[PDB]
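A short write-up of the structure that comes next.
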Amino acid sequence: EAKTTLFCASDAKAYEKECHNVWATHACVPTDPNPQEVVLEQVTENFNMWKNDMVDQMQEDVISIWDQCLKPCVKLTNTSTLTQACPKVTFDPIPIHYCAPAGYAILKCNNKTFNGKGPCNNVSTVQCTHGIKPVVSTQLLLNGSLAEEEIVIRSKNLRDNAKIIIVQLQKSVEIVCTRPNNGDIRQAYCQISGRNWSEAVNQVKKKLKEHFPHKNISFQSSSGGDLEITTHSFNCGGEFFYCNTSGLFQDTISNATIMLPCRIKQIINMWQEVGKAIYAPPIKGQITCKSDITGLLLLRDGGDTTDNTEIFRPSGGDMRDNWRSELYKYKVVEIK
Ligand SMILES: *[C@@H]1O[C@H](CO)[C@@H](O[C@@H]2O[C@H](CO)[C@@H](O[C@@H]3O[C@H](CO[C@H]4O[C@H](CO)[C@@H](O)[C@H](O)[C@@H]4O)[C@@H](O)[C@H](O[C@H]4O[C@H](CO)[C@@H](O)[C@H](O)[C@@H]4O)[C@@H]3O)[C@H](O)[C@H]2NC(C)=O)[C@H](O)[C@H]1NC(C)=O
Ligand SMILES: *[C@@H]1O[C@H](CO)[C@@H](O)[C@H](O)[C@H]1NC(C)=O
Ligand SMILES: *[C@@H]1O[C@H](CO)[C@@H](O)[C@H](O)[C@H]1NC(C)=O
Ligand SMILES: *[C@@H]1O[C@H](CO)[C@@H](O)[C@H](O)[C@H]1NC(C)=O
Ligand SMILES: *[C@@H]1O[C@H](CO)[C@@H](O)[C@H](O)[C@H]1NC(C)=O
Ligand SMILES: *[C@@H]1O[C@H](CO)[C@@H](O)[C@H](O)[C@H]1NC(C)=O
């Protein structure tokens, strides 16, 4: 159980102008062409997704990616003002693998319902993690991995309402967000199957109810905070989308097609550090991301629930939680 400096590996192509590729060609080595996995027999190891230095390293790398790929024109902090060249770039996240250096291995939990904190009974050793897209978002976790058997609820302590709940879905729900070619260059929309979304919500609700027996599970919109957190926010092709999810986080959801209104914003509250980053107006043309919703970030309301209802609202903002949603099954160990 030691802290070491992981290295990254990817399939980035040197000819590719896409920024994640450009960053990874310099920062990472090539993906392991022949990866070996060794099942450890009759072995139990403790994992803690909430105290895992792998998360802090990924955070540093995504910050480094965004420093190259999403350079704001103006960056404001309470101690600083920066004005700089801010060219548009080609942006589409690629998978990144995190790898143990010599004298260290990465243990991988293979229990398919492991909650991320406690003993794992089916462990194997790997050199590198599977490829993980560094997708930055709030509310909905996009383009990540699915739970194999059932929905998994992950929290440092479910009884602490202040702690984020990471939900991992078993079945993904598609979301297509589009700023059409064109009147209002900042208006966009997402389309999602209400049938599929509603089924996901119902399954997540049933899993939550197992931890709050005799309580009715309600989903509601965020109580307040920055727009990054009160909307589903993500970057699509270099543009910052803010998508209203009032249609999603409700107790009555239609089985028809749901349309979410979105805005593209130039002024964003940064996740990397406290401050504002100001970007140039959106590129021309159709901007579209079709993504798989593979998880949720939820916060449960605190206080006496007079109604016998537990209320859950979408949340996010600390992108370490995004990385935890993928790194929960891994831990770095010193071989000897
Ligand atoms: C979640 O994950 C999904 C994928 O799993 C992401 O969706 C992908 O988004 C990328 C880019 O945003 C898509 O790739 C782009 O596709 C464009 C069209 O591709 C079709 O048409 C071309 C041309 O005929 C075919 O060759 C191709 O096979 C497809 O049939 C391309 O035009 C793009 O390439 C262009 O720009 C690049 C920039 O580097 C240039 O190098 C190229 O020369 C070219 O000009 C690009 O390849 C991809 O298709 C999407 N996948 C799916 C399944 O939709 C989501 O964006 C992601 N969500 C988030 C939030 O990150
Ligand atoms: C800037 O903000 C941080 C916390 O966000 C605070 O600790 C620091 O004192 C602030 N500095 C100034 C000059 O306001
Ligand atoms: C995986 O570990 C969890 C947590 O103890 C346990 O409930 C479950 O039975 C385990 N699954 C298997 C297949 O051993
Ligand atoms: C729901 O998901 C299934 C597969 O996951 C897909 O075939 C179907 O088209 C989706 N429903 C809608 C309305 O898009
Ligand atoms: C989302 O849209 C609903 C209905 O138009 C509105 O009441 C709510 O204030 C919006 N939320 C955000 C964060 O835009
Ligand atoms: C969708 O919901 C309506 C009622 O709101 C119902 O009549 C219809 O059968 C449902 N469709 C499916 C495929 O479940």
Side-chain angles (χ1 to χ4, degrees), residues 37-40 43-50 52 106-111 113-126 130 133 135 140-147 149-159 163 165-178 189-205 207-213 218-219 232 243 245-260 262 288-296 324-331 333:
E37 182 179 334
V38 171
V39 176
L40 295 192
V43 63
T44 283
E45 175 84 349
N46 283 329
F47 288 73
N48 190 348
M49 67 179 300
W50 308 103
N52 180 356
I106 291 179
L107 302 179
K108 174 193 224 192
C109 179
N110 299 302
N111 181 324
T113 67
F114 180 55
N115 69 14
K117 193 184 182 206
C120 179
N121 59 336
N122 183 357
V123 188
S124 76
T125 58
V126 290
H130 70 278
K133 291 183 170 188
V135 190
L140 315 175
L141 296 171
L142 306 181
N143 285 358
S145 58
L146 295 165
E149 285 184 40
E150 65 197 53
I151 289 165
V152 182
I153 304 303
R154 308 212 160 84
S155 169
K156 200 185 181 166
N157 185 348
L158 271 177
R159 304 298 162 207
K163 302 299 188 199
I165 301 171
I166 297 172
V167 181
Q168 189 179 32
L169 301 181
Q170 173 156 39
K171 187 171 171 184
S172 68
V173 179
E174 194 168 80
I175 182 164
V176 182
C177 302
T178 296
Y189 66 83
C190 307
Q191 278 197 329
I192 178 163
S193 160
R195 178 175 168 180
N196 291 8
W197 174 251
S198 190
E199 181 174 309
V201 168
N202 287 337
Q203 295 172 4
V204 173
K205 277 176 172 184
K207 214 80 189 140
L208 295 174
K209 193 171 187 136
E210 295 182 11
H211 300 276
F212 301 87
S218 176
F219 274 22
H232 167 48
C243 295
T245 59
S246 73
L248 294 187
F249 292 97
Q250 265 180 346
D251 290 326
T252 300
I253 302 167
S254 163
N255 66 14
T257 298
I258 294 160
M259 196 202 246
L260 284 37
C262 310
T288 296
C289 288
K290 178 166 80 146
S291 316
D292 298 323
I293 299 163
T294 54
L296 313 170
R324 292 179 178 103
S325 76
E326 298 296 328
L327 296 165
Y328 70 90
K329 63 162 74 171
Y330 301 111
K331 146 189 224 197
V333 293

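Numbering of ligands and ligand atoms starts at 1, following listing order. Heavy atoms only: backbone and side chains are in, while hydrogens, waters and symmetry mates are out. Along the sequence shown, residues carry numbers from 1.
Under a 4.0 Å N-O distance rule, the pair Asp292/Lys133 does not qualify as a salt bridge.
Checking atom 10 (C) of ligand 6 against the protein gives a heavy-atom contact under 4.0 Å. Put simply, atom 2 (O) of ligand 6 has protein non-hydrogen atoms near it, under 4.0 Å away. Counting only heavy atoms, the protein gets under 4.0 Å from atom 14 (O) of ligand 6.
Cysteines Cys243 and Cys262 are disulfide-linked, with SG atoms closer than 2.5 angstrom.
Taking any N or O of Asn111, backbone or side chain, at least one lies under 3.5 Å from an N or O belonging to ligand 3. Considering backbone and side-chain atoms alike, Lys171 places every N or O at 3.5 Å or more from each N or O of ligand 4. For the pair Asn255 and ligand 6, the shortest N or O to N or O distance falls below 3.5 Å.
We find the NZ-SG distance between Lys329 and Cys120 to be 10.0 Å, quoted to the nearest 0.5 Å. Taking CH2 of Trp197 as the start and CG of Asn202 as the end, the distance is 11.0 Å to the nearest 0.5 Å.
For the pair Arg154 and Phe114, the NZ or CZ position fails the cation-pi test of under 6.0 Å to the six-membered ring centre and within 45 degrees of the ring normal.
Close approach of ligand 4 to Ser193 is summarised as follows: ligand atoms under 4.0 Å from at least one heavy atom of the residue are 11 (N), 12 (C), 13 (C), 14 (O). Every atom of ligand 4 with a heavy atom of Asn196 under 4.0 Å away is listed here by number and element: 1 (C), 2 (O), 3 (C), 8 (C), 10 (C), 11 (N), 12 (C). Near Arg195, the atoms of ligand 6 lying under 4.0 angstrom from a non-hydrogen atom of the residue are 13 (C). Listed by atom number, the atoms of ligand 3 under 4.0 Å from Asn121 heavy atoms are 1 (C), 12 (C), 14 (O).
The side-chain contact (heavy atoms from CB on, under 4.5 Å) test with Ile153 singles out one residue from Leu296, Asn115, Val167, and that residue is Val167. Screening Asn143, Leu140, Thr294, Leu141 for a side-chain contact (heavy atoms from CB on, under 4.5 Å) involving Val135 leaves a single residue, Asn143.
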